[PDB]
Amino acid sequence: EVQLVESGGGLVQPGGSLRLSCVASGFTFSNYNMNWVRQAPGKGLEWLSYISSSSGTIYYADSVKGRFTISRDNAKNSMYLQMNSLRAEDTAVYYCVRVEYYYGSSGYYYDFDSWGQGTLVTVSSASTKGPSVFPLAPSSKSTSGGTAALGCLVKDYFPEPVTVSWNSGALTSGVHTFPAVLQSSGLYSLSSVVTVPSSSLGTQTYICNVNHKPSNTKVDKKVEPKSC
Amino acid sequence: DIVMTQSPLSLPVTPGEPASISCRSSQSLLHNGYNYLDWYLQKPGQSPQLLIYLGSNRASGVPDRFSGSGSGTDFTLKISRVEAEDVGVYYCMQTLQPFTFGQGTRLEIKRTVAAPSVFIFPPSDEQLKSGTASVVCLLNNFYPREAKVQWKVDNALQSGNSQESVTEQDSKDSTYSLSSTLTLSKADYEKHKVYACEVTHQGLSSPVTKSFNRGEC
């Protein structure tokens, strides 16, 4: 099968630089035009750059023109995106895309037929920081007929992402993990809630597992019910 | 670059009923009888896939439900019968000056109106010991997405101190969930009495309010 794998993503401050790499497997890379496409959080896909197989044709989007440089090494089955003068709005997942060019009966057309899993690039002045996990205890304010609402508050971490589970993966029904928001401090914050039967507040202990790989932080916090 | 404009951004469709998405171009994409515009679909957790090429031609393996039309600067992607597997973000892409995507139209499941179960969580004592206080308003399993959450402290209208977050449409219930977090310093939190979030939705008879008193519990 066709497999594109991006690497080189990570952290950088405004004005800084970082170089992305994409390795291609499962096909003759030297016979294919290729693309770089990114997607910022909560935004649509944005094409960035194009390069032909022979590097003789290169296109750039105006948003990255003069700041980003595309190139490729067919002997190494690889493609690169040199990113300079990075800005906060360049924070996105960057995708490596194969551009197939069919010549059918109805006319010639492109087909972006292979996308890698992407690599995350964050442009910010913030430093890497593990999250603080605060409980959202079930209480009188959590009102429901036979069910209760509880969760955890994953606050003030950088960068994305974090993974949240409940009871090490046992509790999966009714779990809602919200998309993180970027606070004015430059740190991220999200909440993960779950609705469980209120008659199980004394019976079952509910623990939220928060893992933040960039900071090597791993927190398991039990949400104690409020007896009011 | 050439500017691509899609409308709407979210399109609730009932399964079995038609649906159409518009795409506008800043300049004409017609050249020598060909319309240089393609339509892509990005399903949840999947890579984008080619649907329509050259304006009106279906790619290999694309069902007859999908169809493209238009010319110059106005183009339309139409689905005669929307299936449940068609949810996702639909993009139009101009290829006259490669390349430019549109904003994208998220096709969502249209269902009966639902009422949000509103909850509120006071700041944990562990967080108060760190000098900050966060109150979380929770709107669980409602429909549609539209919902107004206003934070009222001592019946005063707060502004610029809350943040909102909405989950993706559920795969089984086809519902949403909203989270509003009011962040205040411990000093400002210990200077006021009543905290509440006022929820406004069409599934409610009138703006439902959930409140709590500082200190309790």
# chains A, B, ... in the order shown; residues from 1 in each chain; ligands from 1

$ closest_atom_pairs --of "chain B" --to "chain A" --cutoff "8 Å" --atoms "only C-alpha atoms" --output "CSV"
residue,atom,partner,partner_atom,distance
B:1,CA,A:62,CA,6.2
B:47,CA,A:115,CA,6.0
B:48,CA,A:115,CA,7.7
B:49,CA,A:113,CA,6.6
B:50,CA,A:111,CA,6.2
B:53,CA,A:109,CA,6.4
B:54,CA,A:109,CA,7.0
B:57,CA,A:106,CA,7.3
B:98,CA,A:59,CA,7.3
B:99,CA,A:47,CA,6.2
B:100,CA,A:47,CA,6.1
B:101,CA,A:46,CA,6.1
B:102,CA,A:44,CA,7.5
B:103,CA,A:44,CA,5.5
B:104,CA,A:44,CA,6.0
B:117,CA,A:144,CA,7.9
B:119,CA,A:142,CA,5.2
B:120,CA,A:141,CA,5.8
B:121,CA,A:136,CA,5.8
B:122,CA,A:136,CA,7.6
B:123,CA,A:136,CA,7.8
B:124,CA,A:135,CA,6.2
B:126,CA,A:134,CA,6.8
B:127,CA,A:134,CA,6.6
B:163,CA,A:181,CA,7.3
B:164,CA,A:181,CA,7.8
B:165,CA,A:179,CA,6.3
B:166,CA,A:178,CA,6.5
B:167,CA,A:178,CA,5.5
B:177,CA,A:176,CA,7.7
B:178,CA,A:178,CA,7.9
B:179,CA,A:178,CA,7.3
B:210,CA,A:141,CA,7.8
B:211,CA,A:141,CA,7.6
B:212,CA,A:141,CA,6.8
B:216,CA,A:228,CA,7.7
B:217,CA,A:228,CA,5.3

$ write_last_selection --atoms "N, CA, C and O atoms" --output "compact mmCIF listing (two decimals), in the first residue's frame"
# COMPACT_ATOMS: atom_id res chain seq x y z
N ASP B 1 -3.99 34.87 -4.10
CA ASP B 1 -4.54 33.63 -4.65
C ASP B 1 -6.02 33.80 -4.96
O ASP B 1 -6.67 34.73 -4.49
N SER B 47 -8.93 10.31 5.54
CA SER B 47 -8.26 11.21 4.61
C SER B 47 -9.25 11.75 3.58
O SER B 47 -10.25 11.10 3.27
N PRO B 48 -9.01 12.95 3.06
CA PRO B 48 -9.88 13.49 2.01
C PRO B 48 -9.86 12.60 0.77
O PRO B 48 -8.84 12.02 0.42
N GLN B 49 -11.02 12.50 0.12
CA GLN B 49 -11.18 11.66 -1.06
C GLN B 49 -11.79 12.45 -2.20
O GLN B 49 -12.62 13.34 -1.98
N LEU B 50 -11.38 12.13 -3.42
CA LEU B 50 -11.88 12.82 -4.60
C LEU B 50 -13.31 12.38 -4.90
O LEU B 50 -13.59 11.18 -5.02
N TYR B 53 -14.44 15.85 -10.30
CA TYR B 53 -13.34 16.52 -10.98
C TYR B 53 -13.87 17.23 -12.22
O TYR B 53 -14.85 16.79 -12.82
N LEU B 54 -13.20 18.32 -12.58
CA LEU B 54 -13.57 19.12 -13.75
C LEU B 54 -15.03 19.57 -13.68
O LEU B 54 -15.75 19.57 -14.67
N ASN B 57 -17.76 15.76 -13.20
CA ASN B 57 -17.42 14.37 -13.48
C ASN B 57 -17.14 13.63 -12.18
O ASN B 57 -16.29 14.06 -11.38
N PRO B 98 -3.27 26.16 -9.26
CA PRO B 98 -3.20 25.17 -8.18
C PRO B 98 -2.43 25.68 -6.98
O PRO B 98 -1.31 26.19 -7.11
N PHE B 99 -3.02 25.53 -5.79
CA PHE B 99 -4.40 25.08 -5.58
C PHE B 99 -5.05 26.00 -4.55
O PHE B 99 -4.38 26.82 -3.93
N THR B 100 -6.37 25.89 -4.38
CA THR B 100 -7.05 26.64 -3.33
C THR B 100 -8.31 25.89 -2.90
O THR B 100 -9.20 25.66 -3.72
N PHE B 101 -8.38 25.54 -1.62
CA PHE B 101 -9.56 24.93 -1.04
C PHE B 101 -10.55 26.00 -0.59
O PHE B 101 -10.19 27.16 -0.35
N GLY B 102 -11.82 25.60 -0.49
CA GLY B 102 -12.83 26.42 0.14
C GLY B 102 -12.85 26.23 1.65
O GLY B 102 -12.09 25.44 2.22
N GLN B 103 -13.74 26.98 2.30
CA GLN B 103 -13.84 26.89 3.76
C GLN B 103 -14.26 25.50 4.19
O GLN B 103 -13.80 24.99 5.22
N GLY B 104 -15.14 24.86 3.42
CA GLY B 104 -15.63 23.54 3.76
C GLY B 104 -17.01 23.57 4.36
O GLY B 104 -17.32 24.44 5.18
N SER B 117 -29.25 19.12 29.05
CA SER B 117 -29.21 18.93 30.49
C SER B 117 -28.07 19.77 31.05
O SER B 117 -26.89 19.47 30.82
N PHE B 119 -25.58 21.48 33.76
CA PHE B 119 -24.92 21.24 35.03
C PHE B 119 -23.91 22.35 35.28
O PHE B 119 -23.55 23.10 34.37
N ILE B 120 -23.47 22.46 36.53
CA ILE B 120 -22.47 23.46 36.91
C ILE B 120 -21.58 22.85 37.99
O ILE B 120 -22.05 22.13 38.87
N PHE B 121 -20.28 23.14 37.90
CA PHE B 121 -19.30 22.59 38.83
C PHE B 121 -18.52 23.72 39.49
O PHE B 121 -17.83 24.48 38.79
N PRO B 122 -18.60 23.88 40.81
CA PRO B 122 -17.80 24.90 41.50
C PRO B 122 -16.31 24.60 41.39
O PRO B 122 -15.92 23.45 41.11
N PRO B 123 -15.46 25.59 41.61
CA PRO B 123 -14.01 25.35 41.56
C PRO B 123 -13.56 24.42 42.68
O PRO B 123 -13.98 24.55 43.83
N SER B 124 -12.69 23.48 42.33
CA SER B 124 -12.16 22.54 43.30
C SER B 124 -11.25 23.24 44.30
O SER B 124 -10.59 24.24 43.98
N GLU B 126 -8.49 22.23 45.43
CA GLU B 126 -7.11 22.17 44.97
C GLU B 126 -6.77 23.35 44.07
O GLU B 126 -5.64 23.85 44.10
N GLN B 127 -7.73 23.81 43.26
CA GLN B 127 -7.48 24.93 42.37
C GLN B 127 -7.49 26.26 43.11
O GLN B 127 -6.70 27.15 42.80
N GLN B 163 -14.80 30.95 28.12
CA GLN B 163 -14.43 30.29 26.88
C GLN B 163 -15.38 29.13 26.63
O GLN B 163 -15.83 28.47 27.57
N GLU B 164 -15.68 28.90 25.36
CA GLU B 164 -16.68 27.92 24.96
C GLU B 164 -16.01 26.82 24.13
O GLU B 164 -15.02 27.06 23.44
N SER B 165 -16.57 25.62 24.21
CA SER B 165 -16.07 24.48 23.45
C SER B 165 -17.21 23.51 23.19
O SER B 165 -17.96 23.18 24.11
N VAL B 166 -17.33 23.06 21.94
CA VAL B 166 -18.40 22.16 21.52
C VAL B 166 -17.78 20.89 20.95
O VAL B 166 -16.79 20.95 20.20
N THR B 167 -18.36 19.74 21.29
CA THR B 167 -17.89 18.47 20.77
C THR B 167 -18.45 18.22 19.37
O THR B 167 -19.38 18.89 18.91
N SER B 177 -22.43 18.65 22.55
CA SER B 177 -22.19 18.94 23.96
C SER B 177 -21.32 20.19 24.05
O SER B 177 -20.35 20.33 23.30
N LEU B 178 -21.67 21.07 24.98
CA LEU B 178 -21.03 22.37 25.10
C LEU B 178 -20.44 22.54 26.50
O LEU B 178 -21.03 22.09 27.49
N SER B 179 -19.28 23.18 26.56
CA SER B 179 -18.60 23.45 27.82
C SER B 179 -18.22 24.92 27.89
O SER B 179 -17.57 25.44 26.98
N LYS B 210 -29.08 27.59 35.69
CA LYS B 210 -28.52 26.76 36.74
C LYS B 210 -27.54 27.60 37.55
O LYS B 210 -26.69 28.29 36.98
N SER B 211 -27.66 27.53 38.88
CA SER B 211 -26.90 28.40 39.76
C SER B 211 -26.35 27.61 40.93
O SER B 211 -26.73 26.46 41.17
N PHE B 212 -25.43 28.24 41.66
CA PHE B 212 -24.89 27.68 42.89
C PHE B 212 -24.37 28.83 43.73
O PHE B 212 -24.01 29.88 43.21
N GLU B 216 -20.88 26.59 49.61
CA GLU B 216 -21.60 25.34 49.81
C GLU B 216 -20.83 24.17 49.21
O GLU B 216 -20.05 24.33 48.27
N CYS B 217 -21.06 22.99 49.78
CA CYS B 217 -20.43 21.75 49.31
C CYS B 217 -18.91 21.84 49.33
O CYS B 217 -18.29 21.74 50.39

$ select_by_dssp --residues "segment 28-207 of chain B" --states "helix (DSSP H, G or I)" --output "list in words"
residues 84, 85, 86, 125, 126, 127, 128, 186, 187, 188 and 189 of chain B

$ write_last_selection --atoms "N, CA, C and O atoms" --output "PDB file, in the first residue's frame"
ATOM      1  N   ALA B  84     -26.289   7.917   5.627  1.00  0.00           N
ATOM      2  CA  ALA B  84     -25.635   8.192   6.901  1.00  0.00           C
ATOM      3  C   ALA B  84     -24.118   8.226   6.777  1.00  0.00           C
ATOM      4  O   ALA B  84     -23.453   8.844   7.615  1.00  0.00           O
ATOM      5  N   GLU B  85     -23.559   7.579   5.756  1.00  0.00           N
ATOM      6  CA  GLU B  85     -22.117   7.528   5.556  1.00  0.00           C
ATOM      7  C   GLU B  85     -21.567   8.761   4.851  1.00  0.00           C
ATOM      8  O   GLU B  85     -20.364   8.806   4.570  1.00  0.00           O
ATOM      9  N   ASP B  86     -22.406   9.754   4.562  1.00  0.00           N
ATOM     10  CA  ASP B  86     -21.987  10.943   3.834  1.00  0.00           C
ATOM     11  C   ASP B  86     -21.596  12.097   4.746  1.00  0.00           C
ATOM     12  O   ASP B  86     -21.242  13.170   4.243  1.00  0.00           O
ATOM     13  N   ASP B 125     -11.223  22.720  45.532  1.00  0.00           N
ATOM     14  CA  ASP B 125     -10.379  23.300  46.572  1.00  0.00           C
ATOM     15  C   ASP B 125      -8.903  23.246  46.202  1.00  0.00           C
ATOM     16  O   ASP B 125      -8.127  24.113  46.619  1.00  0.00           O
ATOM     17  N   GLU B 126      -8.492  22.234  45.429  1.00  0.00           N
ATOM     18  CA  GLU B 126      -7.108  22.174  44.970  1.00  0.00           C
ATOM     19  C   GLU B 126      -6.770  23.354  44.070  1.00  0.00           C
ATOM     20  O   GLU B 126      -5.639  23.854  44.100  1.00  0.00           O
ATOM     21  N   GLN B 127      -7.731  23.811  43.264  1.00  0.00           N
ATOM     22  CA  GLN B 127      -7.482  24.931  42.366  1.00  0.00           C
ATOM     23  C   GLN B 127      -7.490  26.259  43.115  1.00  0.00           C
ATOM     24  O   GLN B 127      -6.697  27.155  42.802  1.00  0.00           O
ATOM     25  N   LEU B 128      -8.381  26.403  44.100  1.00  0.00           N
ATOM     26  CA  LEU B 128      -8.403  27.618  44.909  1.00  0.00           C
ATOM     27  C   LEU B 128      -7.098  27.811  45.669  1.00  0.00           C
ATOM     28  O   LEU B 128      -6.665  28.949  45.879  1.00  0.00           O
ATOM     29  N   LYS B 186      -8.750  34.125  42.502  1.00  0.00           N
ATOM     30  CA  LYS B 186      -9.316  33.766  43.799  1.00  0.00           C
ATOM     31  C   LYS B 186      -9.846  34.997  44.524  1.00  0.00           C
ATOM     32  O   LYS B 186     -10.872  34.929  45.209  1.00  0.00           O
ATOM     33  N   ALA B 187      -9.156  36.131  44.384  1.00  0.00           N
ATOM     34  CA  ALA B 187      -9.613  37.364  45.018  1.00  0.00           C
ATOM     35  C   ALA B 187     -10.955  37.808  44.450  1.00  0.00           C
ATOM     36  O   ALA B 187     -11.881  38.143  45.198  1.00  0.00           O
ATOM     37  N   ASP B 188     -11.078  37.822  43.120  1.00  0.00           N
ATOM     38  CA  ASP B 188     -12.349  38.177  42.496  1.00  0.00           C
ATOM     39  C   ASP B 188     -13.423  37.131  42.769  1.00  0.00           C
ATOM     40  O   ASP B 188     -14.612  37.464  42.809  1.00  0.00           O
ATOM     41  N   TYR B 189     -13.030  35.870  42.959  1.00  0.00           N
ATOM     42  CA  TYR B 189     -14.012  34.837  43.267  1.00  0.00           C
ATOM     43  C   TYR B 189     -14.514  34.957  44.699  1.00  0.00           C
ATOM     44  O   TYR B 189     -15.684  34.663  44.971  1.00  0.00           O
TER      45      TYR B 189
END

$ residues_around --residues "segment 78-85 of chain A" --least-positions-apart "4" --cutoff "8 Å" --atoms "only C-alpha atoms" --output "PyMOL selection string"
chain A and resi 14-24+29+36+67-74

$ atom_distance --atom1 "atom CA of residue 219 of chain A" --atom2 "atom CA of residue 197 of chain A"
24.8 Å

$ closest_residue --among "B:215, B:68, B:44, B:160" --to "residue 191 of chain B" --atoms "only C-alpha atoms"
B:215

$ select_by_dssp --residues "segment 8-115 of chain B" --states "strand (DSSP E or B)" --output "number ranges by chain"
B: 10-13, 19-25, 30-31, 34-35, 37-42, 49-53, 57-58, 66-71, 74-79, 88-94, 100-101, 105-109, 114

$ atom_distance --atom1 "atom CA of residue 96 of chain B" --atom2 "atom CA of residue 40 of chain B"
16.0 Å

$ closest_residue --among "A:125, A:57, A:31, A:167" --to "residue 101 of chain A" --atoms "only C-alpha atoms"
A:31

$ residues_around --residues "segment 27-34 of chain B" --least-positions-apart "5" --cutoff "9 Å" --atoms "only C-alpha atoms" --output "ChimeraX atom specification"
/A:107 /B:2-3,54-55,71-74,94-96

$ write_last_selection --atoms "N, CA and C atoms" --output "PDB file, in the first residue's frame"
ATOM      1  N   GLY A 107     -11.386  13.840 -19.465  1.00  0.00           N
ATOM      2  CA  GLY A 107     -10.425  14.900 -19.260  1.00  0.00           C
ATOM      3  C   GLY A 107      -9.410  14.590 -18.182  1.00  0.00           C
TER       4      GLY A 107
ATOM      5  N   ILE B   2      -6.559  32.880  -5.768  1.00  0.00           N
ATOM      6  CA  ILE B   2      -7.986  32.880  -6.057  1.00  0.00           C
ATOM      7  C   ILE B   2      -8.750  32.537  -4.784  1.00  0.00           C
ATOM      8  N   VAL B   3      -9.844  33.254  -4.537  1.00  0.00           N
ATOM      9  CA  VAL B   3     -10.613  33.122  -3.302  1.00  0.00           C
ATOM     10  C   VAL B   3     -11.799  32.193  -3.533  1.00  0.00           C
ATOM     11  N   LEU B  54     -13.198  18.319 -12.583  1.00  0.00           N
ATOM     12  CA  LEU B  54     -13.568  19.122 -13.751  1.00  0.00           C
ATOM     13  C   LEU B  54     -15.026  19.567 -13.678  1.00  0.00           C
ATOM     14  N   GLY B  55     -15.456  19.953 -12.485  1.00  0.00           N
ATOM     15  CA  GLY B  55     -16.803  20.487 -12.294  1.00  0.00           C
ATOM     16  C   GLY B  55     -17.961  19.521 -12.147  1.00  0.00           C
ATOM     17  N   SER B  71     -20.800  26.711 -13.586  1.00  0.00           N
ATOM     18  CA  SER B  71     -19.888  27.230 -14.595  1.00  0.00           C
ATOM     19  C   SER B  71     -19.354  28.579 -14.145  1.00  0.00           C
ATOM     20  N   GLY B  72     -18.133  28.885 -14.580  1.00  0.00           N
ATOM     21  CA  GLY B  72     -17.525  30.174 -14.318  1.00  0.00           C
ATOM     22  C   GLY B  72     -17.128  30.386 -12.873  1.00  0.00           C
ATOM     23  N   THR B  73     -18.020  31.002 -12.097  1.00  0.00           N
ATOM     24  CA  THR B  73     -17.759  31.312 -10.701  1.00  0.00           C
ATOM     25  C   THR B  73     -18.767  30.701  -9.741  1.00  0.00           C
ATOM     26  N   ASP B  74     -19.854  30.117 -10.242  1.00  0.00           N
ATOM     27  CA  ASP B  74     -20.892  29.525  -9.408  1.00  0.00           C
ATOM     28  C   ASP B  74     -20.933  28.028  -9.674  1.00  0.00           C
ATOM     29  N   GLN B  94     -10.237  24.773  -6.307  1.00  0.00           N
ATOM     30  CA  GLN B  94      -9.944  25.340  -7.610  1.00  0.00           C
ATOM     31  C   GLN B  94      -8.594  24.837  -8.108  1.00  0.00           C
ATOM     32  N   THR B  95      -8.544  24.455  -9.385  1.00  0.00           N
ATOM     33  CA  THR B  95      -7.321  23.947  -9.995  1.00  0.00           C
ATOM     34  C   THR B  95      -6.839  24.802 -11.161  1.00  0.00           C
ATOM     35  N   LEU B  96      -7.470  25.950 -11.413  1.00  0.00           N
ATOM     36  CA  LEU B  96      -6.982  26.838 -12.465  1.00  0.00           C
ATOM     37  C   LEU B  96      -5.613  27.405 -12.105  1.00  0.00           C
TER      38      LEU B  96
END

$ atom_distance --atom1 "atom CA of residue 153 of chain B" --atom2 "atom CA of residue 195 of chain B"
4.7 Å

$ closest_atom_pairs --of "segment 42-153 of chain A" --to "segment 210-216 of chain A" --cutoff "9 Å" --atoms "only C-alpha atoms" --output "tab-separated table"
residue	atom	partner	partner_atom	distance
A:128	CA	A:215	CA	6.1
A:129	CA	A:215	CA	5.8
A:130	CA	A:215	CA	5.3
A:131	CA	A:212	CA	7.4
A:133	CA	A:210	CA	7.7
